[PDB]
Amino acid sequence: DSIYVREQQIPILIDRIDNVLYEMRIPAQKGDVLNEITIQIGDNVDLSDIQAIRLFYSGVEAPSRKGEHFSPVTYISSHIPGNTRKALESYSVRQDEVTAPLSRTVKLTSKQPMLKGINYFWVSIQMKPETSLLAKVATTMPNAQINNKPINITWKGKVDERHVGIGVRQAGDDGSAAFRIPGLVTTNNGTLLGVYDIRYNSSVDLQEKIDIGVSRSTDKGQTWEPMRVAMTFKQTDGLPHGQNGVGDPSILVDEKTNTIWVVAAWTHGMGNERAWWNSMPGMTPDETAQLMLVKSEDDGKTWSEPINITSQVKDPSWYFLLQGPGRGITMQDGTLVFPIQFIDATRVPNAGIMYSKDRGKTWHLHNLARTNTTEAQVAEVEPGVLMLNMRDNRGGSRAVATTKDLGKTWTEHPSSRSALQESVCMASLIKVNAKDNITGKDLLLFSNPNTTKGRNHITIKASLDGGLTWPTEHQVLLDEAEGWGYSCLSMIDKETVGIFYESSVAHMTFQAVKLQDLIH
């Protein structure tokens, strides 16, 4: 008899009741019993952070299912509204449980007689809610017993150390079916502000009833204040809220004043279809998507009424002008900058940037950085040099360009279409100055689904040479599984980078990673 066990590098949410530590598949005969397994927690793990460890039985696999798998269903949902934190009772039956205080070796037992075929068991770990976001969970499963006889385990995936995280927003929270399109900044007071679409009815893009929400943390992501609606258009002009959506937020901190700016696209009318195919040439809300700004002058607690800046930057011939989701920046000289994207008169989308030299009162947009590109993020790679990292519809890899004149003229970067692979998805890029971090060196930090197939392997990558190279040694995989893929980075302090992203375990997931783990 054989036992196949897989561990994936997926976040252990501190706010979840269950977290999939290990999944086990056992091709067995009728009557077989997994009488015992041993979980050996690592010596460097802080045992006092662990609330519980559980063994679950999840029945048998269907003969009709194609391929080989490690579960018959997703054990813990990130989709079912209001039921995303605890193991789905429909599909898993608890065999055993060890609760706090945990010792270094944990033995879990079962009396379950298996059925003939592929049987599934899995191990759950529960962390205490106050657990440090920097805590790591190293474990192994050195022993397993079937019918009281030792069985050697066949490993089909193993991780050195697991990371924790917090599901800031989950399916169904505050009556919203979904949350998407992450943006993250750290204010001058060290406050973390996470921005996103509040996708009330479904996970689809505009047009739909969508508002801009903001979650605020004053303790580096350990706890998040109740969600605030930063922007909404409700029943503007008498149209239903479903035909008055605002979405795809981008957030920036004016670092000279601590004023926080969020830009989003308001779509008006356009039925229940996607706004990408219904925003048309013109300027009015009836004709085209509206570029809207809100500001906070109290560290993200309260937000101004929306400010319509469409007329300042949209050409009438364009079908659609909107921000690139995620974040914007303050340049060294105090210039505020947001990435943008527009569908031109020839129906081709293009990435670029808009900026303000007067603290966000007036905005300017020059020329496109590259044709057939969409979502992009901007970083000041060197003083007065903006680097734009772009979602490229050609597929396979991020396009990269720079400008020294705020986007009048652009230069393709050596790393463009070669250094950073992608499946055509949003990606995050930030600059970290040597003075402001523990490595004492300038850094670019990038995050995306690190693959050309689907959206998985959410990874943070660091560059020490202005984005020319991204060494494998200086990367950290955070989410091996499939998700919606968008992410946004921001330095929490001098020693830690924060990532606010769409993961396999939560719609808005926050994680903290030490820079010492990335570099060194």
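Counting begins at 1, following the sequence as shown.
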| query | finding |
| --- | --- |
| Selected stretch [higher average CA B-factor]: 242 to 250 or 402 to 410 | 402 to 410 |
| Average Cα temperature factor in the PDB entry - higher stretch of 227 to 235, 151 to 159 | 151 to 159 |
| Selection from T439, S203, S90, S447 [criterion: highest C-alpha temperature factor in the record] | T439 |
| Residue of maximum C-alpha B factor among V98, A178, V337, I430, per deposited coordinates | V98 |
| Position of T140 among the chain's modelled residues by C-alpha B-factor, lowest, middle or highest third | highest |
| Third assignment of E208 from its chain's C-alpha B-factors | lowest |
| Chain-relative CA temperature factor third for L55 | middle |
| Ranked C-alpha temperature factor of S296 among modelled chain residues, by third | middle |
| Among modelled residues of the same chain, the CA temperature factor third for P129 | highest |
